[PDB]
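Structure data (mmCIF, N, CA and C atoms) from start.cif:
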data_run
#
loop_
_atom_site.group_PDB
_atom_site.id
_atom_site.type_symbol
_atom_site.label_atom_id
_atom_site.label_comp_id
_atom_site.auth_asym_id
_atom_site.auth_seq_id
_atom_site.Cartn_x
_atom_site.Cartn_y
_atom_site.Cartn_z
ATOM 1 N N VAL A 1 -18.856 62.365 11.359
ATOM 2 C CA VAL A 1 -19.590 61.076 11.180
ATOM 3 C C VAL A 1 -18.685 60.010 10.575
ATOM 4 N N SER A 2 -17.399 60.338 10.524
ATOM 5 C CA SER A 2 -16.342 59.483 10.003
ATOM 6 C C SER A 2 -16.346 58.064 10.618
ATOM 7 N N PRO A 3 -16.218 57.962 11.961
ATOM 8 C CA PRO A 3 -16.231 56.616 12.542
ATOM 9 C C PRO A 3 -17.418 55.735 12.082
ATOM 10 N N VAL A 4 -18.632 56.293 12.046
ATOM 11 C CA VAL A 4 -19.799 55.502 11.651
ATOM 12 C C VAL A 4 -19.741 54.876 10.265
ATOM 13 N N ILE A 5 -19.215 55.603 9.288
ATOM 14 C CA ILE A 5 -19.112 55.088 7.940
ATOM 15 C C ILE A 5 -17.951 54.113 7.823
ATOM 16 N N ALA A 6 -16.847 54.421 8.503
ATOM 17 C CA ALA A 6 -15.650 53.579 8.477
ATOM 18 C C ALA A 6 -15.949 52.175 9.000
ATOM 19 N N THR A 7 -16.537 52.112 10.186
ATOM 20 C CA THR A 7 -16.873 50.833 10.790
ATOM 21 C C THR A 7 -17.707 49.950 9.872
ATOM 22 N N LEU A 8 -18.673 50.529 9.162
ATOM 23 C CA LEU A 8 -19.559 49.769 8.269
ATOM 24 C C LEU A 8 -18.858 49.085 7.116
ATOM 25 N N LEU A 9 -17.959 49.815 6.488
ATOM 26 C CA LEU A 9 -17.230 49.228 5.402
ATOM 27 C C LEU A 9 -16.301 48.117 5.870
ATOM 28 N N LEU A 10 -15.764 48.240 7.087
ATOM 29 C CA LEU A 10 -14.844 47.230 7.650
ATOM 30 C C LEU A 10 -15.549 45.909 7.974
ATOM 31 N N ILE A 11 -16.792 45.997 8.469
ATOM 32 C CA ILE A 11 -17.637 44.840 8.814
ATOM 33 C C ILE A 11 -17.943 44.002 7.579
ATOM 34 N N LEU A 12 -18.340 44.680 6.514
ATOM 35 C CA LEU A 12 -18.660 44.005 5.271
ATOM 36 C C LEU A 12 -17.464 43.232 4.709
ATOM 37 N N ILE A 13 -16.276 43.848 4.754
ATOM 38 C CA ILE A 13 -15.030 43.274 4.231
ATOM 39 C C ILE A 13 -14.617 41.966 4.888
ATOM 40 N N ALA A 14 -14.659 41.955 6.223
ATOM 41 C CA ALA A 14 -14.312 40.770 6.999
ATOM 42 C C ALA A 14 -15.317 39.611 6.775
ATOM 43 N N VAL A 15 -16.603 39.922 6.598
ATOM 44 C CA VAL A 15 -17.635 38.908 6.338
ATOM 45 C C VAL A 15 -17.395 38.201 5.018
ATOM 46 N N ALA A 16 -17.083 38.982 3.978
ATOM 47 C CA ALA A 16 -16.813 38.473 2.622
ATOM 48 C C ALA A 16 -15.603 37.542 2.563
ATOM 49 N N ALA A 17 -14.536 37.909 3.269
ATOM 50 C CA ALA A 17 -13.330 37.096 3.302
ATOM 51 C C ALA A 17 -13.550 35.773 4.051
ATOM 52 N N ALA A 18 -14.352 35.784 5.114
ATOM 53 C CA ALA A 18 -14.631 34.573 5.891
ATOM 54 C C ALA A 18 -15.384 33.535 5.076
ATOM 55 N N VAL A 19 -16.352 33.995 4.295
ATOM 56 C CA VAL A 19 -17.143 33.098 3.463
ATOM 57 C C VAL A 19 -16.262 32.513 2.373
ATOM 58 N N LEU A 20 -15.323 33.313 1.875
ATOM 59 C CA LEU A 20 -14.421 32.848 0.848
ATOM 60 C C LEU A 20 -13.484 31.783 1.432
ATOM 61 N N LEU A 21 -13.125 31.909 2.710
ATOM 62 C CA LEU A 21 -12.242 30.926 3.352
ATOM 63 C C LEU A 21 -12.897 29.564 3.411
ATOM 64 N N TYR A 22 -14.192 29.577 3.684
ATOM 65 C CA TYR A 22 -14.976 28.359 3.784
ATOM 66 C C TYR A 22 -14.982 27.564 2.484
ATOM 67 N N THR A 23 -15.260 28.240 1.376
ATOM 68 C CA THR A 23 -15.314 27.582 0.078
ATOM 69 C C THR A 23 -13.970 26.972 -0.254
ATOM 70 N N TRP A 24 -12.915 27.712 0.008
ATOM 71 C CA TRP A 24 -11.581 27.242 -0.279
ATOM 72 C C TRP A 24 -11.180 26.039 0.593
ATOM 73 N N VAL A 25 -11.537 26.079 1.874
ATOM 74 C CA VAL A 25 -11.191 25.002 2.798
ATOM 75 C C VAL A 25 -11.895 23.724 2.414
ATOM 76 N N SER A 26 -13.209 23.804 2.226
ATOM 77 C CA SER A 26 -13.992 22.626 1.874
ATOM 78 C C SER A 26 -13.622 22.070 0.505
ATOM 79 N N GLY A 27 -13.284 22.943 -0.426
ATOM 80 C CA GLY A 27 -12.876 22.455 -1.718
ATOM 81 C C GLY A 27 -11.540 21.734 -1.510
ATOM 82 N N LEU A 28 -10.655 22.260 -0.651
ATOM 83 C CA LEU A 28 -9.341 21.635 -0.403
ATOM 84 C C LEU A 28 -9.479 20.206 0.114
ATOM 85 N N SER A 29 -10.485 20.001 0.947
ATOM 86 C CA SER A 29 -10.742 18.683 1.488
ATOM 87 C C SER A 29 -11.393 17.800 0.410
ATOM 88 N N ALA A 30 -11.418 16.485 0.644
ATOM 89 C CA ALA A 30 -12.012 15.516 -0.271
ATOM 90 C C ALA A 30 -11.316 15.601 -1.623
ATOM 91 N N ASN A 31 -10.086 16.106 -1.572
ATOM 92 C CA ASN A 31 -9.271 16.240 -2.758
ATOM 93 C C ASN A 31 -7.994 15.411 -2.562
ATOM 94 N N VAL A 32 -8.138 14.199 -2.036
ATOM 95 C CA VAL A 32 -6.998 13.305 -1.870
ATOM 96 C C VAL A 32 -7.355 11.953 -2.488
ATOM 97 N N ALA A 33 -6.516 11.535 -3.443
ATOM 98 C CA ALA A 33 -6.665 10.299 -4.218
ATOM 99 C C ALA A 33 -6.386 9.027 -3.443
ATOM 100 N N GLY A 34 -5.130 8.843 -3.035
ATOM 101 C CA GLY A 34 -4.764 7.644 -2.295
ATOM 102 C C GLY A 34 -4.296 6.450 -3.134
ATOM 103 N N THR A 35 -4.602 5.235 -2.657
ATOM 104 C CA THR A 35 -4.186 4.002 -3.334
ATOM 105 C C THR A 35 -5.071 2.783 -3.073
ATOM 106 N N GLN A 36 -4.747 1.735 -3.805
ATOM 107 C CA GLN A 36 -5.432 0.481 -3.668
ATOM 108 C C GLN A 36 -4.360 -0.412 -3.088
ATOM 109 N N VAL A 37 -4.806 -1.501 -2.472
ATOM 110 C CA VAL A 37 -3.900 -2.477 -1.898
ATOM 111 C C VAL A 37 -4.020 -3.714 -2.770
ATOM 112 N N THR A 38 -2.893 -4.043 -3.405
ATOM 113 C CA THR A 38 -2.791 -5.181 -4.298
ATOM 114 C C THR A 38 -3.162 -6.400 -3.493
ATOM 115 N N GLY A 39 -3.820 -7.323 -4.175
ATOM 116 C CA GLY A 39 -4.261 -8.526 -3.526
ATOM 117 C C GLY A 39 -3.088 -9.343 -3.114
ATOM 118 N N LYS A 40 -3.430 -10.441 -2.453
ATOM 119 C CA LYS A 40 -2.459 -11.378 -1.956
ATOM 120 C C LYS A 40 -1.814 -11.945 -3.144
ATOM 121 N N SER A 41 -0.572 -12.361 -2.949
ATOM 122 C CA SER A 41 0.184 -12.925 -4.034
ATOM 123 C C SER A 41 -0.570 -14.026 -4.727
ATOM 124 N N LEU A 42 -0.345 -14.022 -6.020
ATOM 125 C CA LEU A 42 -0.925 -14.940 -6.963
ATOM 126 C C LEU A 42 -0.296 -16.305 -6.744
ATOM 127 N N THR A 43 -1.125 -17.343 -6.647
ATOM 128 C CA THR A 43 -0.576 -18.685 -6.487
ATOM 129 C C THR A 43 0.057 -19.117 -7.808
ATOM 130 N N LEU A 44 1.147 -19.853 -7.703
ATOM 131 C CA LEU A 44 1.890 -20.289 -8.854
ATOM 132 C C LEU A 44 1.336 -21.625 -9.338
ATOM 133 N N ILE A 45 0.702 -21.613 -10.509
ATOM 134 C CA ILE A 45 0.154 -22.840 -11.071
ATOM 135 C C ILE A 45 1.260 -23.660 -11.714
ATOM 136 N N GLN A 46 2.244 -23.003 -12.329
ATOM 137 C CA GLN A 46 3.369 -23.693 -12.964
ATOM 138 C C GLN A 46 4.472 -22.722 -13.339
ATOM 139 N N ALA A 47 5.688 -23.254 -13.477
ATOM 140 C CA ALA A 47 6.862 -22.488 -13.885
ATOM 141 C C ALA A 47 7.535 -23.458 -14.800
ATOM 142 N N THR A 48 7.767 -23.030 -16.027
ATOM 143 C CA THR A 48 8.432 -23.896 -16.992
ATOM 144 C C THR A 48 9.125 -23.136 -18.142
ATOM 145 N N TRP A 49 9.755 -23.860 -19.060
ATOM 146 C CA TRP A 49 10.467 -23.225 -20.151
ATOM 147 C C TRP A 49 10.653 -24.132 -21.355
ATOM 148 N N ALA A 50 10.737 -23.536 -22.551
ATOM 149 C CA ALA A 50 10.956 -24.288 -23.798
ATOM 150 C C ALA A 50 11.916 -23.553 -24.752
ATOM 151 N N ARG A 51 12.362 -24.253 -25.792
ATOM 152 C CA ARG A 51 13.293 -23.677 -26.750
ATOM 153 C C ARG A 51 12.590 -22.901 -27.856
ATOM 154 N N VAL B 1 -8.838 25.524 12.152
ATOM 155 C CA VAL B 1 -9.357 24.260 11.548
ATOM 156 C C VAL B 1 -8.228 23.267 11.298
ATOM 157 N N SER B 2 -7.065 23.601 11.847
ATOM 158 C CA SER B 2 -5.846 22.811 11.760
ATOM 159 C C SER B 2 -6.047 21.333 12.171
ATOM 160 N N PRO B 3 -6.509 21.086 13.419
ATOM 161 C CA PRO B 3 -6.707 19.686 13.801
ATOM 162 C C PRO B 3 -7.533 18.857 12.787
ATOM 163 N N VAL B 4 -8.635 19.412 12.278
ATOM 164 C CA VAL B 4 -9.475 18.667 11.339
ATOM 165 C C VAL B 4 -8.791 18.195 10.065
ATOM 166 N N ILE B 5 -7.929 19.025 9.491
ATOM 167 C CA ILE B 5 -7.225 18.659 8.280
ATOM 168 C C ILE B 5 -6.082 17.704 8.588
ATOM 169 N N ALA B 6 -5.400 17.940 9.709
ATOM 170 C CA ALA B 6 -4.271 17.108 10.127
ATOM 171 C C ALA B 6 -4.697 15.655 10.328
ATOM 172 N N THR B 7 -5.738 15.462 11.126
ATOM 173 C CA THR B 7 -6.239 14.125 11.397
ATOM 174 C C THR B 7 -6.547 13.344 10.125
ATOM 175 N N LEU B 8 -7.136 13.996 9.125
ATOM 176 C CA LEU B 8 -7.508 13.334 7.865
ATOM 177 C C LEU B 8 -6.343 12.782 7.075
ATOM 178 N N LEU B 9 -5.297 13.578 6.976
ATOM 179 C CA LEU B 9 -4.142 13.113 6.267
ATOM 180 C C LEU B 9 -3.455 11.960 6.984
ATOM 181 N N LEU B 10 -3.506 11.951 8.319
ATOM 182 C CA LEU B 10 -2.874 10.888 9.127
ATOM 183 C C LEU B 10 -3.583 9.537 8.980
ATOM 184 N N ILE B 11 -4.920 9.569 8.888
ATOM 185 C CA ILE B 11 -5.772 8.380 8.718
ATOM 186 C C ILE B 11 -5.471 7.680 7.398
ATOM 187 N N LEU B 12 -5.399 8.468 6.337
ATOM 188 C CA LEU B 12 -5.113 7.932 5.021
ATOM 189 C C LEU B 12 -3.756 7.227 4.965
ATOM 190 N N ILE B 13 -2.738 7.837 5.585
ATOM 191 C CA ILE B 13 -1.361 7.326 5.606
ATOM 192 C C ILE B 13 -1.210 5.956 6.248
ATOM 193 N N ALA B 14 -1.828 5.799 7.422
ATOM 194 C CA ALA B 14 -1.794 4.537 8.154
ATOM 195 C C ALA B 14 -2.543 3.407 7.402
ATOM 196 N N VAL B 15 -3.638 3.733 6.711
ATOM 197 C CA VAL B 15 -4.403 2.752 5.931
ATOM 198 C C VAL B 15 -3.580 2.192 4.787
ATOM 199 N N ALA B 16 -2.886 3.082 4.068
ATOM 200 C CA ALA B 16 -2.030 2.723 2.924
ATOM 201 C C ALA B 16 -0.870 1.807 3.310
ATOM 202 N N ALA B 17 -0.234 2.097 4.443
ATOM 203 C CA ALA B 17 0.876 1.288 4.921
ATOM 204 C C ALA B 17 0.418 -0.108 5.368
ATOM 205 N N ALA B 18 -0.766 -0.214 5.968
ATOM 206 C CA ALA B 18 -1.294 -1.504 6.425
ATOM 207 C C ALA B 18 -1.567 -2.448 5.266
ATOM 208 N N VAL B 19 -2.122 -1.908 4.190
ATOM 209 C CA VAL B 19 -2.426 -2.712 3.013
ATOM 210 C C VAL B 19 -1.132 -3.173 2.366
ATOM 211 N N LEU B 20 -0.111 -2.322 2.408
ATOM 212 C CA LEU B 20 1.169 -2.671 1.840
ATOM 213 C C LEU B 20 1.812 -3.791 2.668
ATOM 214 N N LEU B 21 1.573 -3.804 3.981
ATOM 215 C CA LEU B 21 2.138 -4.849 4.846
ATOM 216 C C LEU B 21 1.589 -6.210 4.481
ATOM 217 N N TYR B 22 0.305 -6.231 4.161
ATOM 218 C CA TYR B 22 -0.383 -7.453 3.789
ATOM 219 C C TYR B 22 0.215 -8.101 2.548
ATOM 220 N N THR B 23 0.412 -7.310 1.500
ATOM 221 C CA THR B 23 0.959 -7.825 0.252
ATOM 222 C C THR B 23 2.343 -8.392 0.484
ATOM 223 N N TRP B 24 3.141 -7.681 1.251
ATOM 224 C CA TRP B 24 4.490 -8.115 1.531
ATOM 225 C C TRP B 24 4.531 -9.406 2.370
ATOM 226 N N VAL B 25 3.653 -9.504 3.364
ATOM 227 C CA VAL B 25 3.615 -10.676 4.237
ATOM 228 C C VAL B 25 3.211 -11.905 3.463
ATOM 229 N N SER B 26 2.105 -11.808 2.728
ATOM 230 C CA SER B 26 1.613 -12.942 1.957
ATOM 231 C C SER B 26 2.568 -13.346 0.841
ATOM 232 N N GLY B 27 3.233 -12.377 0.242
ATOM 233 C CA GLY B 27 4.186 -12.721 -0.783
ATOM 234 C C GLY B 27 5.333 -13.457 -0.083
ATOM 235 N N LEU B 28 5.730 -13.026 1.123
ATOM 236 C CA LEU B 28 6.835 -13.670 1.858
ATOM 237 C C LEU B 28 6.555 -15.149 2.121
ATOM 238 N N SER B 29 5.299 -15.445 2.407
ATOM 239 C CA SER B 29 4.898 -16.814 2.651
ATOM 240 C C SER B 29 4.825 -17.576 1.317
ATOM 241 N N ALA B 30 4.765 -18.909 1.390
ATOM 242 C CA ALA B 30 4.677 -19.775 0.217
ATOM 243 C C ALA B 30 5.884 -19.541 -0.678
ATOM 244 N N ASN B 31 6.944 -19.042 -0.047
ATOM 245 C CA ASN B 31 8.186 -18.779 -0.739
ATOM 246 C C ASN B 31 9.290 -19.623 -0.086
ATOM 247 N N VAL B 32 8.992 -20.884 0.205
ATOM 248 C CA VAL B 32 9.989 -21.788 0.764
ATOM 249 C C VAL B 32 10.003 -23.066 -0.074
ATOM 250 N N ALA B 33 11.193 -23.376 -0.602
ATOM 251 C CA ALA B 33 11.457 -24.521 -1.480
ATOM 252 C C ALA B 33 11.433 -25.869 -0.787
ATOM 253 N N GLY B 34 12.395 -26.094 0.108
ATOM 254 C CA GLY B 34 12.462 -27.365 0.815
ATOM 255 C C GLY B 34 13.306 -28.461 0.153
ATOM 256 N N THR B 35 12.883 -29.720 0.328
ATOM 257 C CA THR B 35 13.612 -30.871 -0.216
ATOM 258 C C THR B 35 12.764 -32.113 -0.485
ATOM 259 N N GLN B 36 13.424 -33.075 -1.101
ATOM 260 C CA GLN B 36 12.810 -34.339 -1.397
ATOM 261 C C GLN B 36 13.567 -35.287 -0.497
ATOM 262 N N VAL B 37 12.951 -36.436 -0.245
ATOM 263 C CA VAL B 37 13.565 -37.467 0.569
ATOM 264 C C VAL B 37 13.898 -38.603 -0.382
ATOM 265 N N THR B 38 15.203 -38.858 -0.489
ATOM 266 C CA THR B 38 15.739 -39.893 -1.353
ATOM 267 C C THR B 38 15.116 -41.194 -0.914
ATOM 268 N N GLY B 39 14.865 -42.039 -1.900
ATOM 269 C CA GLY B 39 14.247 -43.304 -1.629
ATOM 270 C C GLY B 39 15.162 -44.160 -0.826
ATOM 271 N N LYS B 40 14.621 -45.324 -0.491
ATOM 272 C CA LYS B 40 15.326 -46.307 0.287
ATOM 273 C C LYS B 40 16.450 -46.740 -0.548
ATOM 274 N N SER B 41 17.502 -47.172 0.129
ATOM 275 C CA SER B 41 18.681 -47.613 -0.565
ATOM 276 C C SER B 41 18.358 -48.635 -1.620
ATOM 277 N N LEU B 42 19.123 -48.490 -2.679
ATOM 278 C CA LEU B 42 19.055 -49.301 -3.864
ATOM 279 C C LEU B 42 19.593 -50.681 -3.525
ATOM 280 N N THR B 43 18.857 -51.725 -3.900
ATOM 281 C CA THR B 43 19.347 -53.074 -3.647
ATOM 282 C C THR B 43 20.511 -53.361 -4.594
ATOM 283 N N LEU B 44 21.482 -54.101 -4.095
ATOM 284 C CA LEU B 44 22.672 -54.408 -4.842
ATOM 285 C C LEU B 44 22.449 -55.685 -5.645
ATOM 286 N N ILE B 45 22.386 -55.548 -6.968
ATOM 287 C CA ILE B 45 22.199 -56.708 -7.829
ATOM 288 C C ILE B 45 23.513 -57.451 -8.001
ATOM 289 N N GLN B 46 24.633 -56.729 -8.057
ATOM 290 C CA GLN B 46 25.954 -57.344 -8.200
ATOM 291 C C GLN B 46 27.061 -56.336 -7.959
ATOM 292 N N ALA B 47 28.240 -56.846 -7.603
ATOM 293 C CA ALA B 47 29.436 -56.038 -7.381
ATOM 294 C C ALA B 47 30.487 -56.901 -7.999
ATOM 295 N N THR B 48 31.206 -56.343 -8.954
ATOM 296 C CA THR B 48 32.267 -57.097 -9.608
ATOM 297 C C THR B 48 33.352 -56.216 -10.263
ATOM 298 N N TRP B 49 34.352 -56.835 -10.877
ATOM 299 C CA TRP B 49 35.437 -56.083 -11.480
ATOM 300 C C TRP B 49 36.171 -56.854 -12.563
ATOM 301 N N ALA B 50 36.736 -56.132 -13.540
ATOM 302 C CA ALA B 50 37.511 -56.744 -14.631
ATOM 303 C C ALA B 50 38.754 -55.909 -14.993
ATOM 304 N N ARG B 51 39.640 -56.490 -15.797
ATOM 305 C CA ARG B 51 40.865 -55.812 -16.190
ATOM 306 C C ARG B 51 40.675 -54.922 -17.412
#

Please, can you express the file's structure as structure tokens?
Amino acid sequence: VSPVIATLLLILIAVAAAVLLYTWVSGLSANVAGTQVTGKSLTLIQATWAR
Amino acid sequence: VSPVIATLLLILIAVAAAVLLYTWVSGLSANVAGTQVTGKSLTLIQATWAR
């Protein structure tokens, strides 16, 4: 009755690993920060200097 | 699930570069000095000489 018991334990193992892959994949996603785009250059109201 | 993750990273990359192009373009503009136009010739009140 060896084959019958062997097959059962193998089925359970592969199911458990697949579900674990899902959690890891989805957690991996939506895990990217990125950047902001600086606005257009600031208009120059004045440039001057003093002592 | 390779294609799904690949596409996502590519989308983010192109967005970031486009925003960077904008800042650079606008900063490039309004960055031209130019010149002034000298007034009309000065009227001659006198021309003379001494020792």

Residue list for chain B near chain A as JSON, numbers by chain, 7 Å, all atoms listed in the file
{"B": [16, 19, 20, 22, 23, 26, 27]}

Taking all atoms of range 26-42 of chain A that the file lists, what box with edges along x, y and z, padded by 6 Å per side, do you get, with centre and edge lengths in Å to one decimal, as JSON?
{"center_x": -6.9, "center_y": 3.7, "center_z": -2.4, "size_x": 26.2, "size_y": 52.1, "size_z": 21.2}

Among the residues of chain B, find those DSSP assigns to helix (DSSP H, G or I) from the backbone and print them as JSON, numbers by chain.
{"B": [2, 3, 4, 5, 6, 7, 8, 9, 10, 11, 12, 13, 14, 15, 16, 17, 18, 19, 20, 21, 22, 23, 24, 25, 26, 27, 28]}
